[PDB]
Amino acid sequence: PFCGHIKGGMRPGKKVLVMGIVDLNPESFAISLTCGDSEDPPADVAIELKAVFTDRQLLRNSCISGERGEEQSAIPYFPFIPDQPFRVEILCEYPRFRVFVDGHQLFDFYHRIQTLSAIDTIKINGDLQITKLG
């Protein structure tokens, strides 16, 4: 797992940029915004995006004190391609995150964790190579 600090945490108007290249034979990857980088036990997760290649899903959820929330899955299409570069932008807005892939809006995730400035970590794991974080 990769953990990157987000100086100052999240606020409305704040954008997280994640570019990378999907692996040639991917099973899955995940990109999460979390409160601190603790792994034992695992930090509270404001949003986890998990891309699953076998059935072409974008699964979203949160985790608060070890408790998983409602999994959300609605998608217009599955945006990732094996061996291809991608650009994920997570935009923090007052009521929600808006998530873009390659410039296109893919889904919104309404806040379960309300304390936005505490969301100060990006965690990335799985079948990709990260080329840019901004």
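Start at 1 with the first residue shown and count on from there.
J.: Give the stretch, out of 34 to 42 and 72 to 80, with the larger mean C-alpha temperature factor in the deposited entry.
T.: Higher mean C-alpha B-factor in the PDB entry: 34 to 42.
J.: Can you tell me which third, lowest, middle or highest, the CA B-factor of residue 123 falls into for its chain?
T.: It belongs to the lowest third of the chain when residues are ordered by C-alpha B-factor.
J.: Can you tell me whether residue 29 has a C-alpha B-factor in the lowest, middle or highest third compared with the other modelled residues of the same chain?
T.: Residue 29: CA B-factor falls in the lowest third of its chain.
J.: Can you tell me which third, lowest, middle or highest, the CA B-factor of residue 10 falls into for its chain?
T.: It belongs to the highest third of the chain when residues are ordered by C-alpha B-factor.
J.: Residue 104's Cα B-factor: lowest, middle or highest third of the chain?
T.: Highest third - that is where residue 104 ends up once the chain's C-alpha B-factors are sorted.
J.: With respect to C-alpha B-factor, does residue 57 fall in the lowest, middle or highest third of the chain as deposited?
T.: Answer is lowest: the recorded C-alpha B-factor places it there.
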